[PDB]
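Chemist: just the starting chains for now, same placement as in the complex:
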Amino acid sequence: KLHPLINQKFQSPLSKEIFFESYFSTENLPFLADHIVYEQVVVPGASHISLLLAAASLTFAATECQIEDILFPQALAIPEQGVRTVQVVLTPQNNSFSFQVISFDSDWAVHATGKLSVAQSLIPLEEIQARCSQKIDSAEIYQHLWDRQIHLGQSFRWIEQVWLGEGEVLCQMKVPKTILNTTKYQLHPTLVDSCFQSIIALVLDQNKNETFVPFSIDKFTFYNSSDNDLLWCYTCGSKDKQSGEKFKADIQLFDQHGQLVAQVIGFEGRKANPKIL
């Protein structure tokens, strides 16, 4: 295990592509039991980004990292005690790396596409607190999802407190007790997912069946992994006016010290029935 998320790296001077191989299993990755959709273990797109960051971390000497044009063709589902083999395939392009995340048990599914690429300022917590002043029970975020069949266990419940504003939200997040070794990660999958959960605070209004599943992300930048048990998420976004079915958002994940940890530009979720995934 080169990384808690990757068993093997493979390259050859006889293929263009660089490969990573992981065995996705609740046995190997306990935390995946905490993200269930209709009784079944469903790996969130967030987990794919974390996997890519780990891939990157094993290819670049650089710590800073940028993921672009992210698309999530198919969901990944791990059957009861089943094992799926997950591969990241990096194809070198000019200036950057193109990628696919795939899995299989000769068919296979494509869970993420986009490019990898090699990616300096402080977020003022006091300024955002002044405009996100409406305190909201963080249980309402989890309750919203639980109602949409998105059952998050405790390791996926980082969001500790929520302050709502006008088309913007602030959350404090704390590493759950169930997860011990976050330092071995760039960004734990559950943390990445928590950042996406932040947009739910913006769509709590009122069909309890359909919900916003991640569709695309224009640019995801990881900067450095915080040693801290305490993080701050800042999220700005709106539902489109025409259909009201796509939510666009910007997310900023930062430090006690205002130091940017990760940021999401151009996040798009779409209203979908969880049953398809």
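Modeler: On my side now, so go ahead. Numbers count the residues shown, from 1 in each chain, chains lettered A, B, ... in the order given.
Chemist: tell me which element residue A:196 is part of?
Modeler: helix A:189-197 (DSSP states H and E).
Chemist: quick check, central residue of chain A?
Modeler: Taking CA atoms, centre = their mean as the criterion, residue A:46 is the residue nearest the geometric centre of chain A, at 2.3 Å.
Chemist: can I assume that one sits in a strand?
Modeler: No. Counting by DSSP: H, G, I helix; E, B strand; the rest coil, residue A:46 is not part of a strand but helix.
Chemist: before we move on, back to that, dump the helix holding residue A:196 to PDB, restricted to CA.
Modeler: Only the C-alpha atoms of helix A:189-197 are listed here, as PDB (Å, rounded to 0.1, in the frame of the first residue of the first chain):
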ATOM      1  CA  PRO A 189     -12.800  11.200   0.800                       C
ATOM      2  CA  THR A 190     -15.200  11.900   3.600                       C
ATOM      3  CA  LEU A 191     -14.000  15.500   4.000                       C
ATOM      4  CA  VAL A 192     -14.300  16.100   0.200                       C
ATOM      5  CA  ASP A 193     -17.800  14.700   0.400                       C
ATOM      6  CA  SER A 194     -18.600  16.900   3.400                       C
ATOM      7  CA  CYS A 195     -17.700  19.900   1.300                       C
ATOM      8  CA  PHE A 196     -20.300  18.800  -1.200                       C
ATOM      9  CA  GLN A 197     -22.900  18.200   1.500                       C
END
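Chemist: and the next helix or strand past that helix?
Modeler: Assigned by DSSP H and E, the successor of helix A:189-197 is strand A:211-222.
Chemist: append chain B to the structure above:
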Amino acid sequence: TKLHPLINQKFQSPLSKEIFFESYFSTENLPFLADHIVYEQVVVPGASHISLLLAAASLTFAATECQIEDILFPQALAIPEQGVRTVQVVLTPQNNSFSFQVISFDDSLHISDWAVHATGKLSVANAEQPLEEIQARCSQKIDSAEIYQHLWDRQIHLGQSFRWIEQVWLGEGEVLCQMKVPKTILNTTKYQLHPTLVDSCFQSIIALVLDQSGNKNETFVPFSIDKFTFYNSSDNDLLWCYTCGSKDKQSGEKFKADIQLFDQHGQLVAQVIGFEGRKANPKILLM
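Modeler: So, slotting chain B in with the rest:
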């Protein structure tokens, strides 16, 4: 976490045409390598790559018997003292077969420098069902020490684990060797054919060239093989190798041979059709 005593990992992907095997070659990982020394260097014999292609095959095919055809050895693999090289088998699908390349590169610093050590085609063979007759034809006993001495004198220093040949009987342009698992090799059950067993078969051709004139620095080095067929692995400590061939009528720089490797019961273990050796100073394979 070792798939095979010769292979660390296998890699394949729906997004890759070829199938890869990876293996780390060093005297630390593969102690017998220290017993094949050419001009004071650990040099992996072509025989080991045969053994590695059989290892690959046993992980790819269900069927136990397989053939390796039109084998060439473009470049020798030399391992520096206490160093290690990554070795990959790269299989490319063809019609009912794979073309292969065995390659290596120094992993300790993408990949710009690499060498190819064996090429050819790999596929499933059929099974093929006399020893007593050979033993009659081959009656002139010679000391096995003569084979190892011939090699030693050319600076091919074979240690214990490369010395399977115990007894040798010459006939007319043919030789019968009795082989025995060296005491230092406790691992043969994990192998299709141990690399040192394969090398021993090639060594047998030395017995047909013992008193030839010419360059004292020169011997016949394996160059190409039309067909190497592996049938079944042997539980036994004792085997028989029958080899017949001769120098090429046109040029005495090539030696052509067919080799057959038998069980003590006369069951065919392995067969080599059209083995060609070429006269070379073993120094030449160094750099």
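Chemist: follow-up on the earlier one: so how far is chain B from the residue nearest to the centre of chain A?
Modeler: Separation of residue A:46 from chain B (CB to the nearest CB, to the nearest Å) stands at 23 Å. The way it works is simple: take the backbone N, C-alpha and C, and place the C-beta from them, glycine included.
Chemist: now residue A:251
Modeler: Per CB to the nearest CB, residue A:251 is found 31 Å from chain B.
Chemist: residue A:14 too?
Modeler: In terms of CB to the nearest CB, residue A:14 sits 5 Å off from chain B.
Chemist: residues in contact with that residue?
Modeler: By CB atoms under 8 Å, 6 or more residues apart in numbering or on different chains, the contact set of residue A:14 is B:18, B:88, B:90, B:101, B:103.
Chemist: which strand residues sit across from the nearest residue to the fourth one once chain neighbours are set aside in the sheet?
Modeler: Residue nearest to residue B:101 in three dimensions, not counting chain neighbours: residue B:90, with 4.7 Å by CB to CB, 6 or more residues apart in numbering or on different chains. According to DSSP bridges, the partner residues bridging residue B:90 are residue B:20, residue B:101.
Chemist: could you chop chain A up by domain?
Modeler: Domains of chain A are assigned by curated CATH domains as A:1-124, A:125-277.
Chemist: what's the offset of the longest one from the middle of its chain?
Modeler: Per CA atoms, centre = their mean, to the nearest Å, the displacement of domain A:125-277 from the mean C-alpha position of its chain is 9 Å.
Chemist: likewise for the shortest one?
Modeler: In this view, domain A:1-124 has its centroid 11 Å away from the chain centroid, taken as CA atoms, centre = their mean.
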